[PDB]
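Colleague: Pasting a structure here, questions to come.
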Amino acid sequence: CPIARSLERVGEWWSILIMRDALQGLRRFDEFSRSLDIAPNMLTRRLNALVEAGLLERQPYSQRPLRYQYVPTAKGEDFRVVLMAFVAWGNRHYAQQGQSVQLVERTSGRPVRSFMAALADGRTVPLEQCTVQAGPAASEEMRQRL
Amino acid sequence: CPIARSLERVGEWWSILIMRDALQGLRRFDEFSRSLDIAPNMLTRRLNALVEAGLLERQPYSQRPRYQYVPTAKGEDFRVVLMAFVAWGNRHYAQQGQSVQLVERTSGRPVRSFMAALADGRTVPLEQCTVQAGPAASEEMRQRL
Ligand code: NA
Ligand code: NA
């Protein structure tokens, strides 16, 4: 479908699906395989890359054969925002009826129109109104890059 | 540097820096090279990957011997992802410890978090949203979700 294609093109589709399932409690290689309908060799490469990226950590599960489960890391827990963003990105310019994947309010089924930025004072502004800039701790090199 | 390192582990640091430059009007190879202080092989790898991902488009600049790279509509939309990666990388850094910051452009005011504006006019924490199957999902897709 269109959002899978965009997300594959940008290299995040499987990471999004696996991270999502890991954050929902899936742990064992076979859980991932059956639930995501993904071939083993590819599941393995994608798990290892999530691990190398520091988003999941492998932890012993059993002895003979020694098998591992995959549990999210504090970073991976935080990565939820990024995954959600990739979907809002992928759904940009697609009408809601028709969408195969949606960012919604978990309580109702209410779809998310857009991300907003919450400032310290209470106010919410659109992202178009925000910018990436150098921070107080930034080196000379960082300042130049920004 | 801390944030650069986490963002590099996730394969996005140079992408963030290049897209932001492109979104700001940098076009040519040496512009990115000097502004970002990036070596040419790395820059070639990253520019090509951004083109291949459909985020930048490469157009002809000159004969003997150059291209320019302009953001695509998908690339303009990518802002939210770049900003989300920065918020992610700043999660757990108190403000005075940050080298890269997400701020309101008008004032220097730091962005504390993202919220979600909903269809019914409400705005809730992103922490309260979820990715789920949409109305058009195939059978395969509903299983994946
Ligand atoms: Na993918
Ligand atoms: Na990188």
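As shown in the structure tokens, the chain order sets the letters A, B, ...; within each chain, residues go from 1, and ligands are also counted from 1 in the order they appear.
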If the cut-off is 6 Å, can you tell me the residues of chain A near chain B, counting only C-alpha atoms? I'd like them as a PyMOL selection string.

Modeller: chain A and resi 9-10+35-36+53+82+85+97-106+111-120+129-138+145

Colleague: Let me see the file: selected residues, C-alpha atoms, as a PDB file, in the first residue's frame.

Modeller:
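Result saved to result-v8.pdb:
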```pdb
ATOM      1  CA  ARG A   9      11.780   3.576   0.501  1.00  0.00           C
ATOM      2  CA  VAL A  10      13.050   5.477   3.514  1.00  0.00           C
ATOM      3  CA  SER A  35       2.814 -11.921  13.933  1.00  0.00           C
ATOM      4  CA  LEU A  36       4.663  -9.885  11.277  1.00  0.00           C
ATOM      5  CA  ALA A  53      21.263   0.935  17.233  1.00  0.00           C
ATOM      6  CA  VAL A  82       9.951   8.915  16.083  1.00  0.00           C
ATOM      7  CA  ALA A  85       6.290  10.689  13.373  1.00  0.00           C
ATOM      8  CA  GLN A  97     -10.629   6.725   4.625  1.00  0.00           C
ATOM      9  CA  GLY A  98      -8.218   4.819   2.472  1.00  0.00           C
ATOM     10  CA  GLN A  99      -5.318   4.806   4.933  1.00  0.00           C
ATOM     11  CA  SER A 100      -3.938   1.368   5.796  1.00  0.00           C
ATOM     12  CA  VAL A 101      -2.034   2.647   8.850  1.00  0.00           C
ATOM     13  CA  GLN A 102      -3.123   5.393  11.260  1.00  0.00           C
ATOM     14  CA  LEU A 103      -1.851   7.338  14.208  1.00  0.00           C
ATOM     15  CA  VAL A 104      -4.899   7.599  16.546  1.00  0.00           C
ATOM     16  CA  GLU A 105      -5.803   8.563  20.101  1.00  0.00           C
ATOM     17  CA  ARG A 106      -5.569   5.180  21.874  1.00  0.00           C
ATOM     18  CA  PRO A 111      -7.244  10.107  14.142  1.00  0.00           C
ATOM     19  CA  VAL A 112      -4.360  12.474  14.681  1.00  0.00           C
ATOM     20  CA  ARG A 113      -4.460  15.467  12.270  1.00  0.00           C
ATOM     21  CA  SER A 114      -0.957  16.719  13.124  1.00  0.00           C
ATOM     22  CA  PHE A 115       1.908  16.886  15.576  1.00  0.00           C
ATOM     23  CA  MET A 116       2.109  20.055  17.658  1.00  0.00           C
ATOM     24  CA  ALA A 117       4.920  21.538  19.790  1.00  0.00           C
ATOM     25  CA  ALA A 118       4.262  22.151  23.509  1.00  0.00           C
ATOM     26  CA  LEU A 119       6.320  24.921  25.022  1.00  0.00           C
ATOM     27  CA  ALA A 120       7.145  25.288  28.743  1.00  0.00           C
ATOM     28  CA  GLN A 129       6.787  27.502  13.548  1.00  0.00           C
ATOM     29  CA  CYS A 130       9.702  25.668  15.230  1.00  0.00           C
ATOM     30  CA  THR A 131      13.359  25.324  14.380  1.00  0.00           C
ATOM     31  CA  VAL A 132      16.441  23.199  15.074  1.00  0.00           C
ATOM     32  CA  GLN A 133      19.289  25.312  16.454  1.00  0.00           C
ATOM     33  CA  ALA A 134      22.484  25.182  18.447  1.00  0.00           C
ATOM     34  CA  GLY A 135      22.131  24.604  22.164  1.00  0.00           C
ATOM     35  CA  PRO A 136      23.968  26.087  25.178  1.00  0.00           C
ATOM     36  CA  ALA A 137      26.434  23.148  25.339  1.00  0.00           C
ATOM     37  CA  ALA A 138      27.294  23.314  21.548  1.00  0.00           C
ATOM     38  CA  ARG A 145      26.855  22.886  11.326  1.00  0.00           C
TER      39      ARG A 145
END
```

Colleague: Give me, as a compact mmCIF listing (two decimals) with N, CA, C and O atoms, in the first residue's frame, all polymer residues having an atom no more than 12 Å from residue 25 in chain A, counting only C-alpha atoms and skipping those fewer than 3 positions away in the same chain.

Modeller:
```txt
# COMPACT_ATOMS: atom_id res chain seq x y z
N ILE A 18 8.40 -3.95 13.90
CA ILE A 18 9.04 -4.69 14.98
C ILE A 18 9.09 -3.89 16.29
O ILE A 18 8.68 -4.39 17.36
N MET A 19 9.52 -2.64 16.22
CA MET A 19 9.53 -1.82 17.44
C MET A 19 8.14 -1.74 18.07
O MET A 19 7.98 -1.94 19.30
N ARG A 20 7.12 -1.49 17.25
CA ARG A 20 5.76 -1.49 17.74
C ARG A 20 5.39 -2.76 18.50
O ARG A 20 4.86 -2.70 19.62
N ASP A 21 5.66 -3.91 17.91
CA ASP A 21 5.35 -5.18 18.57
C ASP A 21 6.19 -5.38 19.82
O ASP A 21 5.70 -5.95 20.79
N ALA A 22 7.47 -5.01 19.77
CA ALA A 22 8.30 -5.10 20.99
C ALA A 22 7.73 -4.19 22.10
O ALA A 22 7.65 -4.58 23.23
N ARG A 28 9.85 -13.01 21.77
CA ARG A 28 10.55 -14.16 21.20
C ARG A 28 10.55 -14.15 19.68
O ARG A 28 9.59 -13.72 19.07
N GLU A 31 7.39 -15.26 17.96
CA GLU A 31 6.33 -14.26 18.10
C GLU A 31 6.50 -13.24 17.01
O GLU A 31 5.58 -12.99 16.26
N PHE A 32 7.67 -12.66 16.88
CA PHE A 32 7.82 -11.68 15.81
C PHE A 32 7.53 -12.29 14.43
O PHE A 32 6.89 -11.67 13.60
N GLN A 69 15.26 -13.50 23.89
CA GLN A 69 14.16 -12.57 23.68
C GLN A 69 14.72 -11.15 23.50
O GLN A 69 15.90 -10.90 23.85
N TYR A 70 13.87 -10.25 23.01
CA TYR A 70 14.28 -8.90 22.62
C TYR A 70 13.38 -7.92 23.30
O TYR A 70 12.17 -7.90 23.07
N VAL A 71 13.95 -7.08 24.13
CA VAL A 71 13.12 -6.25 24.95
C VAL A 71 13.54 -4.81 24.71
O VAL A 71 14.73 -4.55 24.55
N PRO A 72 12.57 -3.88 24.69
CA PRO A 72 12.97 -2.52 24.45
C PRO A 72 13.78 -1.92 25.59
O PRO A 72 13.69 -2.28 26.72
N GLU A 77 12.03 2.67 23.99
CA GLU A 77 10.84 3.22 24.63
C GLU A 77 10.68 4.65 24.18
O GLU A 77 9.59 5.01 23.75
```

Colleague: Collect all residues with atoms no farther than 9 Å from ligand 1, counting only C-alpha atoms and all ligand atoms, and output them as a count of residues only.

Modeller: 13

Colleague: I need the residue nearest ligand 2 from this list: B:139, B:31, B:12, B:76. Use only C-alpha atoms and all ligand atoms for the distance.

Modeller: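 Among B:139, B:31, B:12, B:76, it is B:12 that comes nearest to ligand 2.
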
Colleague: DSSP on the backbone: what in range 50-138 of chain A comes out strand (DSSP E or B), as a JSON list (two decimals) with N, CA, C and O atoms, in the first residue's frame?

Modeller:
```json
[["chain", "number", "residue", "atom", "x", "y", "z"],
["A", 56, "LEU", "N", 16.85, -2.05, 21.08],
["A", 56, "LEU", "CA", 16.41, -3.26, 21.76],
["A", 56, "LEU", "C", 17.62, -3.86, 22.40],
["A", 56, "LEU", "O", 18.73, -3.59, 21.98],
["A", 57, "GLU", "N", 17.42, -4.66, 23.43],
["A", 57, "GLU", "CA", 18.53, -5.42, 24.00],
["A", 57, "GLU", "C", 18.13, -6.89, 24.02],
["A", 57, "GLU", "O", 16.96, -7.22, 24.19],
["A", 58, "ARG", "N", 19.08, -7.76, 23.78],
["A", 58, "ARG", "CA", 18.86, -9.19, 23.75],
["A", 58, "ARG", "C", 19.07, -9.68, 25.16],
["A", 58, "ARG", "O", 19.97, -9.20, 25.87],
["A", 59, "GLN", "N", 18.26, -10.62, 25.59],
["A", 59, "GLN", "CA", 18.44, -11.19, 26.90],
["A", 59, "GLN", "C", 18.11, -12.66, 26.87],
["A", 59, "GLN", "O", 17.15, -13.04, 26.20],
["A", 60, "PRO", "N", 18.93, -13.51, 27.54],
["A", 60, "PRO", "CA", 18.75, -14.96, 27.55],
["A", 60, "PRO", "C", 17.31, -15.36, 27.84],
["A", 60, "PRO", "O", 16.58, -14.64, 28.52],
["A", 61, "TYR", "N", 16.91, -16.50, 27.29],
["A", 61, "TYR", "CA", 15.54, -16.94, 27.45],
["A", 61, "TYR", "C", 15.48, -18.39, 27.79],
["A", 61, "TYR", "O", 14.57, -18.79, 28.50],
["A", 62, "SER", "N", 16.45, -19.16, 27.30],
["A", 62, "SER", "CA", 16.44, -20.63, 27.39],
["A", 62, "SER", "C", 17.85, -21.16, 27.08],
["A", 62, "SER", "O", 18.68, -20.37, 26.60],
["A", 63, "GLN", "N", 18.08, -22.47, 27.29],
["A", 63, "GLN", "CA", 19.43, -23.07, 27.38],
["A", 63, "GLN", "C", 20.01, -23.96, 26.24],
["A", 63, "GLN", "O", 21.23, -23.92, 26.00],
["A", 66, "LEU", "N", 20.15, -22.44, 23.25],
["A", 66, "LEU", "CA", 20.18, -21.09, 23.81],
["A", 66, "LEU", "C", 19.44, -20.15, 22.87],
["A", 66, "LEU", "O", 19.80, -20.00, 21.70],
["A", 67, "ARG", "N", 18.39, -19.54, 23.38],
["A", 67, "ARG", "CA", 17.60, -18.64, 22.59],
["A", 67, "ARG", "C", 17.52, -17.30, 23.32],
["A", 67, "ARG", "O", 17.76, -17.24, 24.53],
["A", 68, "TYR", "N", 17.21, -16.22, 22.59],
["A", 68, "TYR", "CA", 17.10, -14.90, 23.19],
["A", 68, "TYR", "C", 15.72, -14.32, 22.95],
["A", 68, "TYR", "O", 15.09, -14.60, 21.93],
["A", 69, "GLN", "N", 15.26, -13.50, 23.89],
["A", 69, "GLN", "CA", 14.16, -12.57, 23.68],
["A", 69, "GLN", "C", 14.72, -11.15, 23.50],
["A", 69, "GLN", "O", 15.90, -10.90, 23.85],
["A", 70, "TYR", "N", 13.87, -10.25, 23.01],
["A", 70, "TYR", "CA", 14.28, -8.90, 22.62],
["A", 70, "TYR", "C", 13.38, -7.92, 23.30],
["A", 70, "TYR", "O", 12.17, -7.90, 23.07],
["A", 71, "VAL", "N", 13.95, -7.08, 24.13],
["A", 71, "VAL", "CA", 13.12, -6.25, 24.95],
["A", 71, "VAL", "C", 13.54, -4.81, 24.71],
["A", 71, "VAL", "O", 14.73, -4.55, 24.55],
["A", 72, "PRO", "N", 12.57, -3.88, 24.69],
["A", 72, "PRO", "CA", 12.97, -2.52, 24.45],
["A", 72, "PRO", "C", 13.78, -1.92, 25.59],
["A", 72, "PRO", "O", 13.69, -2.28, 26.72],
["A", 101, "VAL", "N", -2.66, 2.49, 7.52],
["A", 101, "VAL", "CA", -2.03, 2.65, 8.85],
["A", 101, "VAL", "C", -2.36, 4.04, 9.40],
["A", 101, "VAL", "O", -2.28, 5.03, 8.69],
["A", 102, "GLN", "N", -2.72, 4.12, 10.68],
["A", 102, "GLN", "CA", -3.12, 5.39, 11.26],
["A", 102, "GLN", "C", -2.54, 5.61, 12.64],
["A", 102, "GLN", "O", -2.50, 4.69, 13.48],
["A", 103, "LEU", "N", -2.14, 6.85, 12.88],
["A", 103, "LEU", "CA", -1.85, 7.34, 14.21],
["A", 103, "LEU", "C", -3.17, 7.85, 14.78],
["A", 103, "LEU", "O", -3.76, 8.79, 14.20],
["A", 104, "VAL", "N", -3.66, 7.21, 15.86],
["A", 104, "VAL", "CA", -4.90, 7.60, 16.55],
["A", 104, "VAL", "C", -4.76, 7.84, 18.05],
["A", 104, "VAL", "O", -3.74, 7.50, 18.66],
["A", 105, "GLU", "N", -5.76, 8.45, 18.65],
["A", 105, "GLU", "CA", -5.80, 8.56, 20.10],
["A", 105, "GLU", "C", -6.15, 7.16, 20.60],
["A", 105, "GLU", "O", -7.10, 6.57, 20.12],
["A", 111, "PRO", "N", -8.53, 9.94, 14.80],
["A", 111, "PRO", "CA", -7.24, 10.11, 14.14],
["A", 111, "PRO", "C", -6.54, 11.42, 14.50],
["A", 111, "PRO", "O", -7.16, 12.41, 14.86],
["A", 112, "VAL", "N", -5.23, 11.35, 14.45],
["A", 112, "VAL", "CA", -4.36, 12.47, 14.68],
["A", 112, "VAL", "C", -4.22, 13.29, 13.36],
["A", 112, "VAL", "O", -3.66, 12.77, 12.38],
["A", 113, "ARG", "N", -4.70, 14.53, 13.37],
["A", 113, "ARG", "CA", -4.46, 15.47, 12.27],
["A", 113, "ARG", "C", -3.01, 15.89, 12.12],
["A", 113, "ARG", "O", -2.48, 15.84, 11.02],
["A", 114, "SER", "N", -2.35, 16.32, 13.20],
["A", 114, "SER", "CA", -0.96, 16.72, 13.12],
["A", 114, "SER", "C", -0.27, 16.74, 14.47],
["A", 114, "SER", "O", -0.92, 16.75, 15.51],
["A", 115, "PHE", "N", 1.06, 16.72, 14.41],
["A", 115, "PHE", "CA", 1.91, 16.89, 15.58],
["A", 115, "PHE", "C", 1.84, 18.34, 15.96],
["A", 115, "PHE", "O", 1.68, 19.18, 15.08],
["A", 116, "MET", "N", 1.96, 18.65, 17.24],
["A", 116, "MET", "CA", 2.11, 20.06, 17.66],
["A", 116, "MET", "C", 3.26, 20.16, 18.67],
["A", 116, "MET", "O", 3.59, 19.18, 19.31],
["A", 117, "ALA", "N", 3.88, 21.33, 18.79],
["A", 117, "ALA", "CA", 4.92, 21.54, 19.79],
["A", 117, "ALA", "C", 4.42, 22.23, 21.06],
["A", 117, "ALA", "O", 3.83, 23.32, 21.01],
["A", 118, "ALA", "N", 4.66, 21.59, 22.22],
["A", 118, "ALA", "CA", 4.26, 22.15, 23.51],
["A", 118, "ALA", "C", 5.44, 22.85, 24.13],
["A", 118, "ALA", "O", 6.44, 22.22, 24.42],
["A", 119, "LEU", "N", 5.31, 24.14, 24.34],
["A", 119, "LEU", "CA", 6.32, 24.92, 25.02],
["A", 119, "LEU", "C", 6.21, 24.78, 26.55],
["A", 119, "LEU", "O", 5.27, 24.18, 27.07],
["A", 124, "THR", "N", 0.80, 25.75, 22.69],
["A", 124, "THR", "CA", 1.09, 24.80, 21.65],
["A", 124, "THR", "C", 1.21, 25.53, 20.31],
["A", 124, "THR", "O", 0.31, 26.29, 19.95],
["A", 125, "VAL", "N", 2.31, 25.31, 19.60],
["A", 125, "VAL", "CA", 2.48, 25.86, 18.26],
["A", 125, "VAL", "C", 2.69, 24.78, 17.18],
["A", 125, "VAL", "O", 3.13, 23.67, 17.47],
["A", 126, "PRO", "N", 2.36, 25.11, 15.93],
["A", 126, "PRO", "CA", 2.63, 24.17, 14.84],
["A", 126, "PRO", "C", 4.12, 24.00, 14.62],
["A", 126, "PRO", "O", 4.90, 24.91, 14.90],
["A", 130, "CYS", "N", 8.55, 26.06, 14.41],
["A", 130, "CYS", "CA", 9.70, 25.67, 15.23],
["A", 130, "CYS", "C", 10.95, 25.54, 14.40],
["A", 130, "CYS", "O", 10.89, 25.39, 13.18],
["A", 131, "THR", "N", 12.09, 25.51, 15.07],
["A", 131, "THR", "CA", 13.36, 25.32, 14.38],
["A", 131, "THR", "C", 14.38, 24.51, 15.19],
["A", 131, "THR", "O", 14.32, 24.47, 16.42],
["A", 132, "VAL", "N", 15.31, 23.87, 14.48],
["A", 132, "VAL", "CA", 16.44, 23.20, 15.07],
["A", 132, "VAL", "C", 17.60, 24.19, 15.14],
["A", 132, "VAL", "O", 17.91, 24.85, 14.15],
["A", 133, "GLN", "N", 18.22, 24.34, 16.31],
["A", 133, "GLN", "CA", 19.29, 25.31, 16.45],
["A", 133, "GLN", "C", 20.33, 24.83, 17.44],
["A", 133, "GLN", "O", 20.15, 23.80, 18.08],
["A", 134, "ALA", "N", 21.42, 25.58, 17.55],
["A", 134, "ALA", "CA", 22.48, 25.18, 18.45],
["A", 134, "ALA", "C", 22.09, 25.45, 19.88],
["A", 134, "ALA", "O", 21.48, 26.47, 20.18]]
```

Colleague: For ligand 2, which residue out of B:30, B:47, B:25, B:72 is the nearest one, using only C-alpha atoms and all ligand atoms?

Modeller: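 Smallest separation from ligand 2 among the options: B:47.
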
Colleague: Would you mind telling me which residue in B:42, B:2, B:27, B:57 lies nearest to ligand 2 when using only C-alpha atoms and all ligand atoms?

Modeller: B:42

Colleague: Work out how far apart CA of residue 48 in chain A and CA of residue 23 in chain A are and give it in Å to one decimal.

Modeller: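 According to the coordinates, CA of residue 48 in chain A and CA of residue 23 in chain A are separated by 16.3 Å.
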